[PDB]
>>> print(open('my_file-v4.txt').read())   # compact mmCIF, C-alpha atoms
# COMPACT_ATOMS: atom_id res chain seq x y z
CA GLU K 31 36.54 14.15 -11.03
CA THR K 32 34.03 16.63 -12.47
CA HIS K 33 31.32 14.68 -14.35
CA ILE K 34 28.71 12.65 -12.46
CA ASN K 35 26.54 9.68 -13.48
CA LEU K 36 23.09 9.38 -11.91
CA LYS K 37 20.57 6.58 -12.21
CA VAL K 38 17.06 7.77 -13.12
CA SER K 39 14.33 5.35 -12.06
CA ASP K 40 10.53 5.09 -12.07
CA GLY K 41 10.84 2.09 -9.77
CA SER K 42 10.72 -0.18 -12.79
CA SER K 43 12.58 1.70 -15.51
CA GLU K 44 16.18 2.67 -14.72
CA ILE K 45 18.44 4.58 -17.14
CA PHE K 46 22.00 5.69 -16.40
CA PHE K 47 23.09 9.18 -17.49
CA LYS K 48 26.51 10.75 -16.92
CA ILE K 49 26.64 14.55 -17.19
CA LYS K 50 29.01 17.15 -15.77
CA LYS K 51 28.12 18.96 -12.56
CA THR K 52 27.56 22.36 -14.19
CA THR K 53 25.06 21.03 -16.73
CA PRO K 54 21.40 21.84 -16.11
CA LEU K 55 19.37 18.66 -15.83
CA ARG K 56 16.73 19.93 -18.29
CA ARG K 57 17.77 17.50 -21.00
CA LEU K 58 18.61 14.57 -18.71
CA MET K 59 14.93 14.45 -17.75
CA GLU K 60 13.75 15.40 -21.25
CA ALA K 61 15.75 12.42 -22.54
CA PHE K 62 14.41 10.06 -19.86
CA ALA K 63 10.88 11.26 -20.59
CA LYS K 64 11.24 10.56 -24.30
CA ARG K 65 12.76 7.15 -23.54
CA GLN K 66 9.60 6.43 -21.52
CA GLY K 67 7.44 7.54 -24.45
CA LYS K 68 5.98 10.66 -22.83
CA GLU K 69 6.79 14.35 -22.67
CA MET K 70 8.67 15.89 -19.81
CA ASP K 71 5.92 17.26 -17.55
CA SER K 72 3.87 14.07 -17.34
CA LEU K 73 6.69 12.93 -15.04
CA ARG K 74 8.04 14.04 -11.67
CA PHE K 75 11.75 13.96 -10.88
CA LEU K 76 12.73 13.83 -7.20
CA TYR K 77 16.11 13.88 -5.45
CA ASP K 78 15.84 12.78 -1.82
CA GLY K 79 12.63 14.52 -0.79
CA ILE K 80 12.14 17.69 -2.81
CA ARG K 81 11.11 17.83 -6.48
CA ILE K 82 13.71 19.13 -8.92
CA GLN K 83 13.03 21.86 -11.43
CA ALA K 84 14.43 21.72 -14.95
CA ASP K 85 17.10 24.43 -14.59
CA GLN K 86 19.14 22.89 -11.80
CA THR K 87 22.54 21.19 -11.79
CA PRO K 88 24.23 18.51 -9.67
CA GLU K 89 26.38 20.69 -7.39
CA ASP K 90 23.62 23.10 -6.37
CA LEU K 91 21.68 20.05 -5.11
CA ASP K 92 24.77 18.41 -3.53
CA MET K 93 25.02 15.34 -5.70
CA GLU K 94 27.05 12.16 -5.44
CA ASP K 95 27.50 9.30 -7.89
CA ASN K 96 25.26 6.27 -7.98
CA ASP K 97 22.80 8.86 -6.70
CA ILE K 98 19.26 8.26 -7.93
CA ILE K 99 16.55 10.54 -9.31
CA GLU K 100 13.19 8.92 -8.64
CA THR K 101 10.51 9.63 -11.25
CA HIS K 102 6.77 9.42 -10.67
CA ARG K 103 4.12 9.35 -13.37
CA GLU K 104 1.39 11.99 -13.47
CA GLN K 105 -1.88 10.09 -13.85
CA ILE K 106 -3.58 10.56 -17.23
CA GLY K 107 -6.91 8.75 -17.07
CA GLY K 108 -7.48 8.92 -13.30
CA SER K 109 -7.44 5.17 -12.68
CA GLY K 110 -5.77 5.67 -9.29
CA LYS K 111 -8.29 5.12 -6.50
CA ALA K 112 -7.24 7.29 -3.55
CA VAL K 113 -8.36 10.24 -1.37
CA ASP K 114 -7.16 13.61 -0.11
CA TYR K 115 -4.50 13.84 2.62
CA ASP K 116 -6.87 15.41 5.15
CA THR K 117 -9.54 12.70 4.88
CA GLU K 118 -10.18 11.63 8.47
CA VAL K 119 -10.01 7.85 8.82
CA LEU K 120 -11.94 6.46 11.79
CA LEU K 121 -9.60 4.22 13.78
CA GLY K 122 -10.61 1.02 15.53
CA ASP K 123 -10.29 2.67 18.95
CA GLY K 124 -12.77 5.45 18.08
CA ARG K 125 -10.30 8.20 17.21
CA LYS K 126 -9.94 9.95 13.87
CA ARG K 127 -6.66 10.53 12.06
CA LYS K 128 -5.94 12.00 8.64
CA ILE K 129 -5.04 9.27 6.16
CA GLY K 130 -2.07 11.27 4.89
CA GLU K 131 -0.41 11.22 8.31
CA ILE K 132 -1.10 7.48 8.61
CA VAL K 133 0.41 6.73 5.22
CA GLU K 134 3.46 8.99 5.57
CA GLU K 135 4.20 7.49 9.00
CA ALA K 136 3.90 3.99 7.53
CA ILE K 137 6.16 5.02 4.65
CA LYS K 138 9.02 6.34 6.75
CA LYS K 139 8.75 3.33 9.07
CA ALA K 140 8.95 1.05 6.03
CA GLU K 141 11.87 3.11 4.70
CA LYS K 142 13.79 2.94 7.97
CA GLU K 143 13.20 -0.80 7.63
CA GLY K 144 13.64 -2.46 4.24
CA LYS K 145 10.11 -2.90 2.89
CA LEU K 146 9.02 0.37 1.29
CA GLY K 147 7.33 -0.59 -1.98
CA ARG K 148 7.69 1.57 -5.08
CA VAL K 149 5.47 1.85 -8.15
CA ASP K 150 5.77 4.25 -11.07
CA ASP K 151 3.14 6.65 -9.68
CA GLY K 152 4.16 6.43 -6.01
CA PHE K 153 4.75 4.19 -3.02
CA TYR K 154 3.10 1.65 -0.78
CA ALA K 155 4.05 0.47 2.68
CA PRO K 156 3.08 -2.42 4.96
CA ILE K 157 0.69 -1.39 7.73
CA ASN K 158 -1.44 -3.17 10.33
CA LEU K 159 -4.15 -0.66 11.19
CA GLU K 160 -7.47 -1.39 12.90
CA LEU K 161 -10.21 0.62 11.16
CA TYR K 162 -13.97 0.80 11.33
CA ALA K 163 -15.59 -0.30 8.08
CA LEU K 164 -18.82 -1.66 6.64
CA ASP K 165 -19.37 -5.40 6.96
CA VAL K 166 -20.23 -6.35 3.38
CA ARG K 167 -22.50 -9.19 4.58
CA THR K 168 -23.77 -7.92 7.94
CA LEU K 169 -24.30 -4.41 6.49
CA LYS K 170 -23.34 -2.96 9.88
CA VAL K 171 -20.24 -1.20 11.18
CA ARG K 172 -17.42 -3.56 12.17
CA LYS K 173 -13.69 -3.54 12.86
CA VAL K 174 -11.31 -4.46 10.05
CA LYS K 175 -7.57 -4.27 9.46
CA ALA K 176 -5.69 -2.49 6.68
CA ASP K 177 -2.45 -4.11 5.53
CA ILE K 178 -1.22 -1.73 2.79
CA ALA K 179 -0.86 2.06 2.89
CA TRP K 180 -0.83 3.78 -0.51
CA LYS K 181 0.58 7.13 -1.66
CA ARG K 182 0.06 8.06 -5.31
CA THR K 183 0.36 11.08 -7.59
CA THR K 184 -2.61 13.41 -7.75
CA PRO K 185 -4.74 13.01 -10.89
CA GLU K 186 -5.37 15.96 -13.18
CA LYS K 187 -8.81 16.51 -11.64
CA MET K 188 -10.49 15.32 -8.46
CA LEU K 189 -14.04 15.24 -7.10
CA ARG K 190 -15.31 16.78 -3.87
CA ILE K 191 -18.58 15.16 -2.78
CA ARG K 192 -20.88 16.61 -0.12
CA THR K 193 -24.04 15.01 1.23
CA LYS K 194 -27.35 16.36 2.51
CA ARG K 195 -26.34 15.15 5.97
CA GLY K 196 -23.26 17.36 5.65
CA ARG K 197 -20.52 14.80 4.98
CA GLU K 198 -17.79 15.82 2.55
CA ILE K 199 -14.82 13.99 1.01
CA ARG K 200 -12.28 14.71 -1.73
CA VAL K 201 -11.44 11.64 -3.80
CA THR K 202 -10.01 10.71 -7.17
CA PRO K 203 -12.67 10.48 -9.91
CA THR K 204 -12.52 6.66 -9.89
CA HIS K 205 -12.87 6.10 -6.14
CA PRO K 206 -15.97 3.95 -5.51
CA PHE K 207 -18.72 4.39 -2.95
CA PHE K 208 -21.65 2.20 -1.92
CA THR K 209 -24.96 2.76 -3.74
CA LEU K 210 -28.37 1.08 -3.49
CA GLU K 211 -30.25 0.07 -6.67
CA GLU K 212 -33.45 -2.02 -6.31
CA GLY K 213 -32.23 -3.37 -2.98
CA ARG K 214 -28.84 -4.23 -4.44
CA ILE K 215 -25.96 -2.64 -2.63
CA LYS K 216 -23.44 -2.09 -5.43
CA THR K 217 -20.32 0.04 -5.79
CA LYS K 218 -20.26 3.06 -8.08
CA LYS K 219 -17.21 5.06 -9.09
CA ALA K 220 -17.23 8.69 -8.00
CA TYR K 221 -17.63 10.14 -11.49
CA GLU K 222 -20.66 7.85 -11.95
CA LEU K 223 -22.53 9.40 -9.02
CA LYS K 224 -25.29 11.88 -9.83
CA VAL K 225 -26.53 14.71 -7.62
CA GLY K 226 -29.44 13.35 -5.62
CA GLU K 227 -28.12 9.78 -5.54
CA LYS K 228 -27.73 8.22 -2.10
CA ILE K 229 -24.44 6.71 -0.94
CA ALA K 230 -23.86 4.60 2.16
CA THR K 231 -22.72 6.26 5.38
CA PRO K 232 -22.67 5.00 8.97
CA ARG K 233 -25.71 6.09 10.95
CA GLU K 234 -23.31 6.48 13.87
CA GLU K 235 -19.54 6.00 13.97
CA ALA K 236 -19.95 3.14 16.45
CA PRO K 237 -19.87 -0.65 15.96
CA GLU K 238 -23.11 -2.39 14.91
CA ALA K 239 -24.37 0.89 13.44
CA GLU K 240 -26.52 0.41 10.35
CA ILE K 241 -26.42 2.29 7.05
CA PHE K 242 -27.73 5.80 6.57
CA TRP K 243 -28.31 6.31 2.85
CA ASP K 244 -27.08 9.86 2.38
CA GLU K 245 -28.26 12.02 -0.51
CA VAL K 246 -25.34 13.48 -2.45
CA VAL K 247 -26.02 17.21 -2.83
CA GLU K 248 -22.72 18.54 -4.26
CA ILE K 249 -20.32 16.97 -6.77
CA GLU K 250 -17.48 19.33 -7.70
CA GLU K 251 -14.80 18.59 -10.28
CA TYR K 252 -11.71 20.63 -9.48
CA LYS K 253 -8.04 21.00 -10.36
CA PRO K 254 -6.10 19.96 -7.24
CA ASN K 255 -2.79 21.21 -5.85
CA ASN K 256 -2.05 18.63 -3.13
CA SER K 257 0.65 16.68 -5.07
CA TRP K 258 -0.11 13.35 -3.36
CA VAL K 259 -3.27 11.32 -2.67
CA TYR K 260 -3.58 8.45 -0.23
CA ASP K 261 -5.48 5.25 0.46
CA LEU K 262 -5.60 2.19 2.69
CA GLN K 263 -6.14 -1.36 1.46
CA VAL K 264 -8.37 -3.48 3.69
CA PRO K 265 -8.72 -7.17 2.79
CA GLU K 266 -12.09 -8.95 2.71
CA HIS K 267 -14.34 -5.91 3.16
CA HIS K 268 -12.44 -3.51 0.85
CA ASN K 269 -13.81 -0.36 2.53
CA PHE K 270 -13.43 1.86 5.57
CA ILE K 271 -15.10 4.81 7.29
CA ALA K 272 -13.54 8.11 6.21
CA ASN K 273 -15.05 11.57 6.79
CA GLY K 274 -18.24 9.84 7.94
CA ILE K 275 -18.63 7.97 4.63
CA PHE K 276 -18.08 4.35 3.67
CA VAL K 277 -15.29 4.60 1.09
CA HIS K 278 -14.67 1.43 -0.91
CA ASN K 279 -11.17 0.42 -2.01
>>> encode(input="my_file-v4.txt", output="structure tokens")
Amino acid sequence: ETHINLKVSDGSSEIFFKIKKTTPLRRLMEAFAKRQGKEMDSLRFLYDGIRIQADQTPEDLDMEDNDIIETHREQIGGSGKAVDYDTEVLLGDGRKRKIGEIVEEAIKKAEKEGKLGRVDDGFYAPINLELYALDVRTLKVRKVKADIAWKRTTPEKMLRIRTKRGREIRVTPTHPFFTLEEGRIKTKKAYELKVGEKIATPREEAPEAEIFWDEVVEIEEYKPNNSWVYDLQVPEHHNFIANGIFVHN
């Protein structure tokens, strides 16, 4: 047998193509893209781990049949609350760990088991992580638990925010923070923040610590290159301490 039929899937959408092993896959993915209603480079085609490039064939990537090419949507419109891989999450035991390591670990543990979740723009995985977060009614630092780890495609632009105190985080343009208007603590999306506006941080990264309202001094829009962004979902309080800042889900 020479010709090979792969299943191309965005998690939801699955289309079966059969092509011969010498064919470049340029038009397989161009066809799938048009079937999805978008042009080819708003999508990401992945075999096992590494991302394909258009001018490759089945044999040079060691293909089999019923093999799958997973596609991930490039976010147009931001809309995907998440943060940079290196964002240091503050664990419930006091230590700090980059959220990307946390999420990738959770993802391969979910994959070795049978509960890795897939969405068109990435993956999620069950987790049970004790974090430090802001108590939305006590307004002091508390312990919480995250149940879902999230790994999504990088948006077309991201925002790096740095505060007068010297805290700095790289987040998607929609990622919300805590603000204070008239005595209201509200949440504001990142792109809504203005230079000089104060966002909530922990005064110390210790339990029962109160809020330090930190003046935002730098807001930088930039084209990223990191390929994946990450987040943690924490029920009830919907936030956690990352890079010394209260980041809201």
>>> residues_around(input="my_file-v4.txt", residues="residue K:278", least_positions_apart="5", cutoff="6 Å", atoms="all atoms listed in the file", output="JSON, numbers by chain")
{"K": [206, 207, 268, 269]}
>>> closest_residue(input="my_file-v4.txt", among="K:94, K:251, K:135, K:71", to="residue K:200", atoms="all atoms listed in the file")
K:251
>>> closest_residue(input="my_file-v4.txt", among="K:265, K:162, K:170, K:108", to="residue K:189", atoms="only C-alpha atoms")
K:108
>>> residues_around(input="my_file-v4.txt", residues="residue K:230", least_positions_apart="6", cutoff="9 Å", atoms="all atoms listed in the file", output="VMD selection string")
chain K and resid 207 to 210 215 241 to 244 275 to 277
>>> residues_near_point(input="my_file-v4.txt", point="(5.7, 2.6, 5.9)", cutoff="12 Å", atoms="only C-alpha atoms", output="MDAnalysis selection string")
chainID K and resid 130:148 153:159 177:181 262
>>> residues_around(input="my_file-v4.txt", residues="residue K:72", least_positions_apart="6", cutoff="10 Å", atoms="only C-alpha atoms", output="list in words")
residues 63, 102, 103, 104, 105 and 106 of chain K
>>> write_last_selection(input="my_file-v4.txt", atoms="C-alpha atoms", output="PDB file, keeping the file's coordinate frame")
ATOM      1  CA  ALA K  63      10.880  11.260 -20.590  1.00  0.00           C
ATOM      2  CA  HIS K 102       6.770   9.420 -10.670  1.00  0.00           C
ATOM      3  CA  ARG K 103       4.120   9.350 -13.370  1.00  0.00           C
ATOM      4  CA  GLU K 104       1.390  11.990 -13.470  1.00  0.00           C
ATOM      5  CA  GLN K 105      -1.880  10.090 -13.850  1.00  0.00           C
ATOM      6  CA  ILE K 106      -3.580  10.560 -17.230  1.00  0.00           C
TER       7      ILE K 106
END
>>> closest_residue(input="my_file-v4.txt", among="K:35, K:204, K:184, K:256", to="residue K:96", atoms="all atoms listed in the file")
K:35
>>> atom_distance(input="my_file-v4.txt", atom1="atom CA of residue K:220", atom2="atom CA of residue K:161")
21.9 Å
>>> atom_distance(input="my_file-v4.txt", atom1="atom CA of residue K:231", atom2="atom CA of residue K:216")
13.7 Å
>>> closest_residue(input="my_file-v4.txt", among="K:255, K:202, K:263, K:101", to="residue K:188", atoms="all atoms listed in the file")
K:202
>>> closest_residue(input="my_file-v4.txt", among="K:42, K:279, K:273, K:52", to="residue K:193", atoms="only C-alpha atoms")
K:273
>>> residues_near_point(input="my_file-v4.txt", point="(21.7, 24.1, -9.5)", cutoff="12 Å", atoms="all atoms listed in the file", output="VMD selection string")
chain K and resid 50 to 56 82 to 93
